[PDB]
Each structure stands twice: as C-alpha cells, then as structure tokens.
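A short worksheet on the structure shown next.
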Amino acid sequence: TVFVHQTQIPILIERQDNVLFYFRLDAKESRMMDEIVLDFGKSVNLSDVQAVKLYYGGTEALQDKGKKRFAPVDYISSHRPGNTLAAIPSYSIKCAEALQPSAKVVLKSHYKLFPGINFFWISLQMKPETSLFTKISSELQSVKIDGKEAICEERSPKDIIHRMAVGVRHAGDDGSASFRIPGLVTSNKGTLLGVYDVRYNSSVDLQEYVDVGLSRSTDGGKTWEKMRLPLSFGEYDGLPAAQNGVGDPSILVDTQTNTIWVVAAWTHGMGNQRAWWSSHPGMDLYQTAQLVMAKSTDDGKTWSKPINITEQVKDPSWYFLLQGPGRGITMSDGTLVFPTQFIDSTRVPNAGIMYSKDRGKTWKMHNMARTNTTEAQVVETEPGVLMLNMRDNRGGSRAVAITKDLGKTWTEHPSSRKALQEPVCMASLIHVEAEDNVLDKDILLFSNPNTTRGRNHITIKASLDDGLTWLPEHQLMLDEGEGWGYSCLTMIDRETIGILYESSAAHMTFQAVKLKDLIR
C-alpha cells in the first residue's frame, strides 16, 4: 500500500507547476484519499513558495500493474512548444492547494479512489522573485486513507533538497522548437553569457535551420535579456536557411581584453541530412563544414560579422572540423584556446585543441590527443600545462590527456578512462585558482550525466587533487530526470558556481550553487 517517490529535479522558478512527489497505490481495500501531510520547516526561504498542490493522475491499464509506474504519463512537458510551464490539464485533476504555506502543509483531498491503481502527485510553485539559492525541503509526515494512516514505501532519499532553476530557454521560445548546445562563461564585468543552438524546426542536429543564440545576464543569472544571435547565415548564397545551419557553439572570454569569442560550425548545403555524414573532404562551402567565429567587444551586447577561419587550421583531407561545444579558455600567458575535433580521411573522430597567440587574429592546430574521441573541454592546471577531458567513443569513461606544448605532444593522465564515467556525452570541465575562490583552494569542477547508460542524473563533481580523485562528498546531483545531457559550468563570482544545461525541466536550464555547499 502507498508507494512514494520524491523528485530530485530542478524546480523552475517561473513554472506554474513542478513535480515534487509521485504516489501510487493499488486500491484493493481502500476507498478514499483523505489527506497528505508534509513538513517544509527545514527549507530556507520558505516565504518564496507560492503554492503547494495535490493532483490526481490516472489509474493504470490493467495489464500493466507489473510495470510499477509512478505515473501513467508525464504531467508537465519540457518539449511541447509554448506549453512547458503548467501541468497538462487533461492528465491531472487538482484536488488540493496550499497557498503561502508555513512548515506544515496539509493537502485535504477527500478523493474517491478507483478500484485498482491510483496515481497522485504533488506540485511546487514558487513566486517570481524567488531567490536562486532558496532551498525547499519537504518531509512526508503522513498519508491518510479512510480515516487512518497508511503504510508508505519511500525508496527515495529522505534528506532531499529541492533546488531552484531558471528555464533560460523553453521549447517554443521565440518561435523555435528546441534549444540544444549549452556554453556558459562569465565576463570580466561579471556578466553571465549563455550560448546555444537555436534549432527552429526540430531538435535534430547539424544540417537544419539553426542559429547560435545568446542569453546574457547582468544579475548573477536571476534574469536574462532578450535573445541575441551571434551567428546566423540565413539564405546565404541563395540556399534555403535550413541549408545554412550554424551550431554546436563554443564560447570563451579573452580575459586580457574582455573580448568575447564564440566559435561554431557553419554547414552549407547537405540537404536535410546529418552533417556528421554529410561533410566531405575539401576546404570550401560546397564541400565541407566551415569553422566560423564571431566576437564581442561590448560585453556580449553586440557581435561582429562572421569570421571564417577554416583556411587557417583545416586539413583538406579531413571530412569535418569543428570546435568542441561549450567553452574555451584564456591561458596565464594570454593565449586563447578552443578544444577541437575532426573526422580524418579514414572517417575517425579525433579530439585536440587550437590556439591563437594574437588576441584571436590567427589560429593554429598541431596534433590530436587520442584517436576515436569527439567533444572535449580543456583546462590550464598550471601555467603552460593544458588538460584535455574528452568524450570517448569506446566505452563509457572520460578520456584525459595533458599537453605542455599546446598540442604537439600529449601525455595520458592517471584518471583517463577510469575516474569519470560517461554515457558517451559532452562533459564540462573547469579549473579554478585558489585566489579566485572562497575556499582558497585549487579545484577542478566537472559536470555530466553520472551514469554509463542514459542521459540523466546530471551531476556536479569537484576534484581537489588535480582530477585524480572525485569524492562523493564533493558531488551534487541536480537532475535525476531524462534529458539531452549537455552542460556547461562557470564561476559566477568567487563563491558561486554556475551551470547551464539541458534538463528534464527545460532545454536551457540555469542553476546557481554556492561553492561551500558542494565542497565543505
């Protein structure tokens, strides 16, 4: 009797509903759902909560009792264009509400049960001005059925903390079906800058009507400005906009000048097919994907015309050359570095880096880090030494490599193919210097789906010993839900981590986490 699951998924601040708990019972001997009691004392900033709601979901198909679902369907969608904010009315009947609650919330349903499986769920609704650092605790006190307490089975953790998030981009925003590839940095002015594919027609990759979009925050990621487009080719050379896609962007800040650079892959032509199969050897727009960039010198507010750098660094034998999605870095000595990946003449992906020594006028690549690798992120552990963490096509474990010569030679790391599990997905790696964080320690931050299979359990991890060890104690999982998996970390300020990722709640989900919360 009474099976309970508490969610560990971001709570979107602007959402009208958020899934907090699921409930399932086979009503063999049970007549009426009387009430459900929860304690929110333990939350910080309980005042931020607009409402807590109880909803009746369905019953189940008789043949499917063994599936032991906690719901018959997803009650809220992150994919329905322009319909991601409220519970889908036809899937759920609201049976109780608690407005501006104190610690003790009683949800009085008094709801006739179906003779068989019965589903219920609780919804959390925040106020618009909710703080990013608001934390909601919701401890289940009791479930009453027929005038008396029922036995509950709750296999989910009891110490869950529901964290806040903003859906920077939701499905359907500004006429676009989807938003996919996140990149996040912090400017010298402290300005947050999020870039992504805006995939207008569908969620499909590479060749399609795709621009790279940008969201900019001047308040620590609490609010975001109207979307900008750093890169957009339209009907270039008289090909349809869907044959001029540009996406999979990466972003870096030039810490010497605050110039912001975004690099992306411009694919010309190729019909309606995947550019991973469609880009062919050669050098021009007729033949092969173009490596193009834009720059901002006014803190991300406006952007230059595109700059095609394909000639500078692309080997014509290669099928496909593009940045590694996410972010790049300015080194100690002022060098600019972007992770790279190319499909060679044998059709094998290889991760590497490219660099500019002249504020981004000219770029240069040496050699690959490892064969059969794709998306990577790169970090400077000490001056002159770069660590390349890479999506590895073999098994499910991040590959790591080291270069002290900007990619001429590579040294495998002790952690490579062992310390960080992946389902073969993008991962984010950043490095923070002691003087730049309140822990006065040197740390590697990492975020990815924490599994070998499935894109879910997006998890932030920290290392204190140069990426040798990643202690459970210094991890935090944000989203147990199924999503697209990509993420990008940044330091918001000296005490605060930022994350922009594809969650199960929203295509572009932003969350802020105090450094001390993660590490301690």
Side-chain angles (χ1 to χ4, degrees), residues 2-27 33 35-36 38 40 49-61 64-65 67-99 101 105 107-109 111-114 116-126 130 136 138 140 143 152-156 160 162-167 170-173 178 454-458 478-484 502-507 509:
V2 191
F3 296 68
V4 177
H5 178 110
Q6 188 174 190
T7 69
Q8 299 175 80
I9 57 174
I11 299 300
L12 262 33
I13 279 158
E14 72 278 357
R15 244 171 182 187
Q16 185 177 132
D17 298 288
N18 294 95
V19 181
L20 199 70
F21 279 95
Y22 301 95
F23 293 82
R24 188 199 60 236
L25 83 154
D26 193 330
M33 173 58 76
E35 67 167 40
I36 297 181
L38 307 144
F40 285 73
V49 170
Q50 166 65 13
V52 174
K53 310 170 208 156
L54 186 57
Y55 282 102
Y56 179 60
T59 192
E60 246 290 27
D64 277 9
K65 194 167 297 186
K67 293 276 181 54
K68 287 181 170 282
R69 296 197 177 99
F70 278 92
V73 72
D74 289 306
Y75 290 131
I76 324 170
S77 164
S78 71
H79 298 293
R80 290 174 188 266
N83 195 26
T84 58
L85 290 174
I88 292 160
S90 58
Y91 293 145
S92 302
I93 303 186
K94 186 194 287 197
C95 43
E97 192 173 53
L99 306 177
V105 313
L107 302 169
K108 270 189 176 79
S109 33
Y111 205 102
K112 284 194 180 181
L113 295 164
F114 175 98
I117 296 302
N118 287 259
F119 294 113
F120 283 87
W121 64 283
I122 295 171
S123 177
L124 181 66
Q125 179 180 16
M126 310 307 305
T130 283
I136 295 317
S138 54
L140 179 58
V143 178
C152 310
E153 178 168 328
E154 179 174 341
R155 294 159 75 97
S156 52
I160 284 151
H162 305 282
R163 283 175 192 268
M164 300 300 93
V166 351
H170 309 92
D173 285 342
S178 66
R455 306 283 189 78
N456 55 74
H457 300 79
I458 314 295
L478 306 170
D479 186 18
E480 70 179 355
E482 195 70 18
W484 284 331
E502 316 173 310
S503 62
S504 62
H507 289 191
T509 299

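Computation of the quantities below employed the complete heavy-atom set of this structure, encompassing side-chain atoms and omitting hydrogens, waters and symmetry-equivalent molecules. Nothing fancy with the numbering, it's 1 onward along the sequence.
- Remark: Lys67 engages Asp64 in a salt bridge (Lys or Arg N to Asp or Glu O under 4.0 Å) (not counting sequence neighbours).
- Residues meeting the side chain to side chain donor-acceptor pair (under 3.5 Å) test with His162, sequence neighbours left out: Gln6, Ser138.
- Side-chain contact between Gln125 and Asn18 is absent, with no heavy-atom pair separated by less than 4.5 Å.
- Atom CG in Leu20 sits 11.0 Å away from atom CG in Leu54 (nearest 0.5 Å).
- Applying the salt bridge (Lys or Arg N to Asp or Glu O under 4.0 Å) test to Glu60 and every residue at least two apart in sequence or in another chain returns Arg69.
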Donor-acceptor pairs under 3.5 angstrom involving side-chain atoms of residues 81-99: please list them, not counting sequence neighbours.
unit_1	atom_1	unit_2	atom_2	d
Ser92	OG	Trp121	NE1	3.0
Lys94	NZ	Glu97	OE2	3.2

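- Considering only residues two or more places apart in sequence or on other chains, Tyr111 meets the side chain to side chain donor-acceptor pair (under 3.5 Å) condition with none of them.
- Between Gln8 atom CD and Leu478 atom CG the span is 10.0 Å, to the nearest 0.5 Å.
- In this structure, the side chain to side chain donor-acceptor pair (under 3.5 Å) partners of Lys65, at least two apart in sequence or on a different chain, are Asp26.
- When the side chain to side chain donor-acceptor pair (under 3.5 Å) test is applied to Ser178, no partner is found at least two apart in sequence or on another chain.
- You'll find the side chain of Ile36 stays beyond 4.5 Å of the side chain of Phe21, heavy atoms only.
- The salt bridge (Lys or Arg N to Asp or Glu O under 4.0 Å) check on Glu482 picks up nothing, with sequence neighbours excluded.
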CA sep, side-chain torsions, deciding dist, call: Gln50, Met126, side chain to side chain contact (heavy atoms under 4.5 Å, CB included)
CA-CA 5 Å; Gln50 166 65 13; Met126 310 307 305; 5.8 Å; no
Side chain to side chain contact (heavy atoms under 4.5 Å, CB included) assessment of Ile136 paired with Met164
CA-CA 8 Å; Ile136 295 317; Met164 300 300 93; 4.1 Å; yes
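- Residue pairs that meet the salt bridge (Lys or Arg N to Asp or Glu O under 4.0 Å) test with at least one member in residues 5-18, sequence neighbours left out, are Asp17-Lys53.
- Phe114 pairs by the side chain to side chain contact (heavy atoms under 4.5 Å, CB included) definition with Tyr56, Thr59, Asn118, not counting sequence neighbours.
- Taking OG of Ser504 as the reference point, atom CD1 of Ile458 lies at 8.5 Å (rounded to 0.5 Å).
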For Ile9 and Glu480, run side chain to side chain contact (heavy atoms under 4.5 Å, CB included): C-alpha distance rounded to whole Å, both residues' side-chain angles, the deciding distance at 0.1 Å, then the answer.
CA-CA 6 Å; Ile9 57 174; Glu480 70 179 355; 4.0 Å; yes
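- Of all non-hydrogen atoms in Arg24 and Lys68, the two that sit nearest each other are NH1-O, 2.8 Å.
- In this structure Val2 satisfies the side chain to side chain contact (heavy atoms under 4.5 Å, CB included) test together with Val4, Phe23, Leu25, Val143, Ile145, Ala150, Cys152, sequence neighbours excluded.
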Check residues 71-80 and write down every donor-acceptor pair under 3.5 Å in which the side-chain atom is one partner and the other belongs to a residue at least two apart or another chain.
unit_1	atom_1	unit_2	atom_2	d
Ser77	OG	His79	N	2.9
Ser77	OG	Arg80	N	2.9
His79	ND1	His507	NE2	3.3

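- Counting only heavy atoms from C-beta outward, the side chains of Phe70 and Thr7 never approach each other to under 4.5 Å.
- Here the closest non-hydrogen pair linking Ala165 and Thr509 is CB-CG2, 3.8 Å.
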